[PDB]
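**Student:** Got query18.pdb for you, PDB, C-alpha atoms:
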```pdb
ATOM      1  CA  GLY A   1     -86.028 -31.944  -8.305  1.00  0.00           C
ATOM      2  CA  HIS A   2     -88.137 -29.162  -9.949  1.00  0.00           C
ATOM      3  CA  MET A   3     -90.288 -27.788  -7.049  1.00  0.00           C
ATOM      4  CA  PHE A   4     -90.255 -27.334  -3.241  1.00  0.00           C
ATOM      5  CA  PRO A   5     -93.363 -25.447  -1.930  1.00  0.00           C
ATOM      6  CA  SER A   6     -96.693 -25.766  -3.828  1.00  0.00           C
ATOM      7  CA  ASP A   7     -95.754 -22.360  -5.411  1.00  0.00           C
ATOM      8  CA  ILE A   8     -93.485 -24.208  -7.886  1.00  0.00           C
ATOM      9  CA  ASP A   9     -94.268 -26.440 -10.934  1.00  0.00           C
ATOM     10  CA  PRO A  10     -91.843 -27.820 -13.611  1.00  0.00           C
ATOM     11  CA  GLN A  11     -93.417 -25.947 -16.582  1.00  0.00           C
ATOM     12  CA  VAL A  12     -92.725 -22.363 -15.407  1.00  0.00           C
ATOM     13  CA  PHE A  13     -89.552 -23.536 -13.669  1.00  0.00           C
ATOM     14  CA  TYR A  14     -88.360 -24.682 -17.173  1.00  0.00           C
ATOM     15  CA  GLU A  15     -89.315 -21.284 -18.751  1.00  0.00           C
ATOM     16  CA  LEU A  16     -87.095 -19.959 -15.909  1.00  0.00           C
ATOM     17  CA  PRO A  17     -83.357 -19.121 -16.474  1.00  0.00           C
ATOM     18  CA  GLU A  18     -81.057 -22.002 -15.430  1.00  0.00           C
ATOM     19  CA  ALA A  19     -78.874 -19.906 -13.071  1.00  0.00           C
ATOM     20  CA  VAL A  20     -81.896 -18.783 -10.994  1.00  0.00           C
ATOM     21  CA  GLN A  21     -83.174 -22.404 -11.017  1.00  0.00           C
ATOM     22  CA  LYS A  22     -79.674 -23.334  -9.706  1.00  0.00           C
ATOM     23  CA  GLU A  23     -80.158 -20.937  -6.748  1.00  0.00           C
ATOM     24  CA  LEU A  24     -83.655 -22.236  -6.108  1.00  0.00           C
ATOM     25  CA  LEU A  25     -83.044 -26.000  -6.166  1.00  0.00           C
ATOM     26  CA  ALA A  26     -79.779 -25.730  -4.181  1.00  0.00           C
ATOM     27  CA  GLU A  27     -81.290 -23.467  -1.498  1.00  0.00           C
ATOM     28  CA  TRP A  28     -84.576 -25.398  -1.489  1.00  0.00           C
ATOM     29  CA  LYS A  29     -82.554 -28.592  -0.860  1.00  0.00           C
ATOM     30  CA  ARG A  30     -80.376 -26.794   1.755  1.00  0.00           C
ATOM     31  CA  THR A  31     -83.227 -25.375   3.875  1.00  0.00           C
ATOM     32  CA  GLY A  32     -85.147 -28.648   3.185  1.00  0.00           C
TER      33      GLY A  32
ATOM     34  CA  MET B   1    -101.146   0.014 -16.209  1.00  0.00           C
ATOM     35  CA  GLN B   2    -101.178  -3.771 -15.488  1.00  0.00           C
ATOM     36  CA  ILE B   3     -98.634  -6.628 -15.754  1.00  0.00           C
ATOM     37  CA  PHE B   4     -99.019 -10.410 -15.536  1.00  0.00           C
ATOM     38  CA  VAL B   5     -96.709 -11.979 -12.958  1.00  0.00           C
ATOM     39  CA  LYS B   6     -96.649 -15.701 -13.747  1.00  0.00           C
ATOM     40  CA  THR B   7     -95.923 -17.568 -10.557  1.00  0.00           C
ATOM     41  CA  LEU B   8     -93.780 -20.639 -10.538  1.00  0.00           C
ATOM     42  CA  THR B   9     -96.773 -22.972  -9.865  1.00  0.00           C
ATOM     43  CA  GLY B  10     -98.294 -22.126 -13.281  1.00  0.00           C
ATOM     44  CA  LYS B  11    -100.452 -19.180 -12.050  1.00  0.00           C
ATOM     45  CA  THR B  12    -100.635 -15.667 -13.544  1.00  0.00           C
ATOM     46  CA  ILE B  13    -101.396 -12.834 -11.111  1.00  0.00           C
ATOM     47  CA  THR B  14    -102.162  -9.582 -12.876  1.00  0.00           C
ATOM     48  CA  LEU B  15    -101.223  -6.468 -10.874  1.00  0.00           C
ATOM     49  CA  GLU B  16    -101.665  -2.761 -11.519  1.00  0.00           C
ATOM     50  CA  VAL B  17     -98.559  -0.565 -11.478  1.00  0.00           C
ATOM     51  CA  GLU B  18     -96.664   2.087 -13.490  1.00  0.00           C
ATOM     52  CA  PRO B  19     -93.634   1.561 -15.810  1.00  0.00           C
ATOM     53  CA  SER B  20     -91.721   3.637 -13.203  1.00  0.00           C
ATOM     54  CA  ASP B  21     -92.862   1.362 -10.393  1.00  0.00           C
ATOM     55  CA  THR B  22     -89.968  -0.369  -8.695  1.00  0.00           C
ATOM     56  CA  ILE B  23     -89.488  -4.101  -8.510  1.00  0.00           C
ATOM     57  CA  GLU B  24     -89.624  -3.740  -4.676  1.00  0.00           C
ATOM     58  CA  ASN B  25     -93.157  -2.313  -4.821  1.00  0.00           C
ATOM     59  CA  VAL B  26     -94.140  -4.882  -7.490  1.00  0.00           C
ATOM     60  CA  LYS B  27     -92.981  -7.695  -5.117  1.00  0.00           C
ATOM     61  CA  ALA B  28     -94.972  -5.971  -2.315  1.00  0.00           C
ATOM     62  CA  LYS B  29     -98.088  -6.270  -4.532  1.00  0.00           C
ATOM     63  CA  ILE B  30     -97.202  -9.983  -4.883  1.00  0.00           C
ATOM     64  CA  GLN B  31     -97.242 -10.141  -1.039  1.00  0.00           C
ATOM     65  CA  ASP B  32    -100.775  -8.682  -1.292  1.00  0.00           C
ATOM     66  CA  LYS B  33    -101.814 -11.203  -3.979  1.00  0.00           C
ATOM     67  CA  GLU B  34     -99.863 -14.309  -2.913  1.00  0.00           C
ATOM     68  CA  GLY B  35     -98.745 -13.636   0.707  1.00  0.00           C
ATOM     69  CA  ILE B  36     -94.972 -13.867   0.086  1.00  0.00           C
ATOM     70  CA  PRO B  37     -92.655 -11.233   1.704  1.00  0.00           C
ATOM     71  CA  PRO B  38     -90.480  -9.341  -0.860  1.00  0.00           C
ATOM     72  CA  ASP B  39     -87.144 -10.176   0.748  1.00  0.00           C
ATOM     73  CA  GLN B  40     -87.925 -13.905   0.297  1.00  0.00           C
ATOM     74  CA  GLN B  41     -89.345 -13.502  -3.262  1.00  0.00           C
ATOM     75  CA  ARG B  42     -87.407 -13.044  -6.578  1.00  0.00           C
ATOM     76  CA  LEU B  43     -88.478 -11.567  -9.908  1.00  0.00           C
ATOM     77  CA  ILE B  44     -87.497 -12.693 -13.406  1.00  0.00           C
ATOM     78  CA  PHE B  45     -88.389 -11.175 -16.746  1.00  0.00           C
ATOM     79  CA  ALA B  46     -87.624 -12.801 -20.128  1.00  0.00           C
ATOM     80  CA  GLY B  47     -84.997 -15.232 -18.802  1.00  0.00           C
ATOM     81  CA  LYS B  48     -83.272 -12.472 -16.747  1.00  0.00           C
ATOM     82  CA  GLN B  49     -83.569 -11.507 -13.045  1.00  0.00           C
ATOM     83  CA  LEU B  50     -84.527  -8.096 -11.636  1.00  0.00           C
ATOM     84  CA  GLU B  51     -83.448  -6.205  -8.492  1.00  0.00           C
ATOM     85  CA  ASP B  52     -85.621  -4.378  -5.940  1.00  0.00           C
ATOM     86  CA  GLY B  53     -84.104  -0.952  -6.692  1.00  0.00           C
ATOM     87  CA  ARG B  54     -84.958  -1.130 -10.448  1.00  0.00           C
ATOM     88  CA  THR B  55     -88.235  -0.509 -12.302  1.00  0.00           C
ATOM     89  CA  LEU B  56     -90.347  -2.062 -15.020  1.00  0.00           C
ATOM     90  CA  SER B  57     -89.085   0.682 -17.386  1.00  0.00           C
ATOM     91  CA  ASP B  58     -85.458  -0.122 -16.419  1.00  0.00           C
ATOM     92  CA  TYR B  59     -86.136  -3.581 -17.949  1.00  0.00           C
ATOM     93  CA  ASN B  60     -88.208  -1.933 -20.754  1.00  0.00           C
ATOM     94  CA  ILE B  61     -91.346  -3.762 -19.525  1.00  0.00           C
ATOM     95  CA  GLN B  62     -94.570  -1.935 -20.507  1.00  0.00           C
ATOM     96  CA  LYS B  63     -98.279  -2.573 -19.801  1.00  0.00           C
ATOM     97  CA  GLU B  64     -99.945  -5.917 -20.408  1.00  0.00           C
ATOM     98  CA  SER B  65     -96.502  -7.544 -20.090  1.00  0.00           C
ATOM     99  CA  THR B  66     -95.567 -10.793 -18.349  1.00  0.00           C
ATOM    100  CA  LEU B  67     -93.147 -11.386 -15.446  1.00  0.00           C
ATOM    101  CA  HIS B  68     -91.985 -14.499 -13.492  1.00  0.00           C
ATOM    102  CA  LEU B  69     -92.152 -15.003  -9.658  1.00  0.00           C
ATOM    103  CA  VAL B  70     -89.859 -17.363  -7.723  1.00  0.00           C
ATOM    104  CA  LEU B  71     -89.290 -18.157  -4.080  1.00  0.00           C
ATOM    105  CA  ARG B  72     -85.684 -17.520  -3.032  1.00  0.00           C
ATOM    106  CA  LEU B  73     -85.992 -18.660   0.620  1.00  0.00           C
ATOM    107  CA  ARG B  74     -84.434 -15.586   2.377  1.00  0.00           C
ATOM    108  CA  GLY B  75     -82.251 -12.464   2.032  1.00  0.00           C
ATOM    109  CA  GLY B  76     -82.040 -10.717   5.443  1.00  0.00           C
TER     110      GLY B  76
END
```
Starting from the file, give its structure as structure tokens.
**Tutor:**
Amino acid sequence: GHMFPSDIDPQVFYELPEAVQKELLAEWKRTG
Amino acid sequence: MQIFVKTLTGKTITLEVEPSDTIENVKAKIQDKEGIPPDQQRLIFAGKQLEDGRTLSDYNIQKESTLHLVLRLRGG
């Protein structure tokens, strides 16, 4: 899982720091 | 000055600010450009995360410099 809304795409999300990605994917999944 | 906020979808939204402009007011310009409220939006620079009470200069960002925009769901 590397996106949730259309505002997210794997390329920038990989340029992203892992710990912020960790927040994002976990919260995205939680509110999901 | 201007800075290039890359959004997480692979977009780059340029916005016009000052080095002394706060991250909060930068995120508020993202709300103008993207529609996302600041409390729900996060800001990264160079593999590091910023806070609303800090400024571009606090992170040593200058003009024609790139930023990263994420969605962080909520805050309060």
**Student:** Taking the point (-83.9, -18.9, -5.4) as given in the file, collect each protein or nucleic acid residue that comes within 10 Å of it, counting only C-alpha atoms, and present the set as a list in words.
**Tutor:**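 Neighbouring residues, ordered by chain and number, come to residues 19, 20, 21, 22, 23, 24, 25, 26, 27 and 28 of chain A; 40, 41, 42, 43, 70, 71, 72, 73, 74 and 75 of chain B.
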**Student:** Identify every residue of chain A that has at least one atom within 8 Å of any atom of chain B, counting all atoms listed in the file, and report the result as an MDAnalysis selection string.
**Tutor:** chainID A and resid 6:13 15:17 20 23:24 27:28 31
**Student:** Any chance you could work out the axis-aligned box around range 24-30 of chain A, listed atoms only, 8 Å on each side, giving centre and edge lengths in Å to one decimal, as lines of an AutoDock Vina configuration file?
**Tutor:**
```
center_x = -82.2
center_y = -25.4
center_z = -2.2
size_x = 20.8
size_y = 22.4
size_z = 23.9
```
**Student:** Apply the PyMOL selection byres ((chain B and resi 57) around 12) to the file shown and report the selected residues as a list in words.
**Tutor:**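 Matching residues under the PyMOL selection byres ((chain B and resi 57) around 12) are residues 17, 18, 19, 20, 21, 22, 23, 45, 50, 53, 54, 55, 56, 58, 59, 60, 61, 62, 63 and 65 of chain B.
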**Student:** Can you tell me which residues surround residue 5 in chain B at a distance of at most 7 Å, considering all atoms listed in the file, apart from same-chain residues fewer than 5 positions away, and format the answer as a ChimeraX atom specification?
**Tutor:** /B:12-14,66-69
**Student:** Could you state the separation of CA of residue 35 in chain B and CA of residue 51 in chain B in Å, given to one decimal place?
**Tutor:**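 About the pair CA of residue 35 in chain B and CA of residue 51 in chain B: they are 19.3 Å apart.
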**Student:** One decimal, Å: what's the distance from CA of residue 4 in chain B over to CA of residue 39 in chain B, could you say?
**Tutor:**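 Value for the CA of residue 4 in chain B-CA of residue 39 in chain B distance: 20.2 Å.
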**Student:** Calculate how many Å separate CA of residue 16 in chain B from CA of residue 36 in chain B, rounding to one decimal.
**Tutor:**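 Distance between the two atoms: 17.4 Å.
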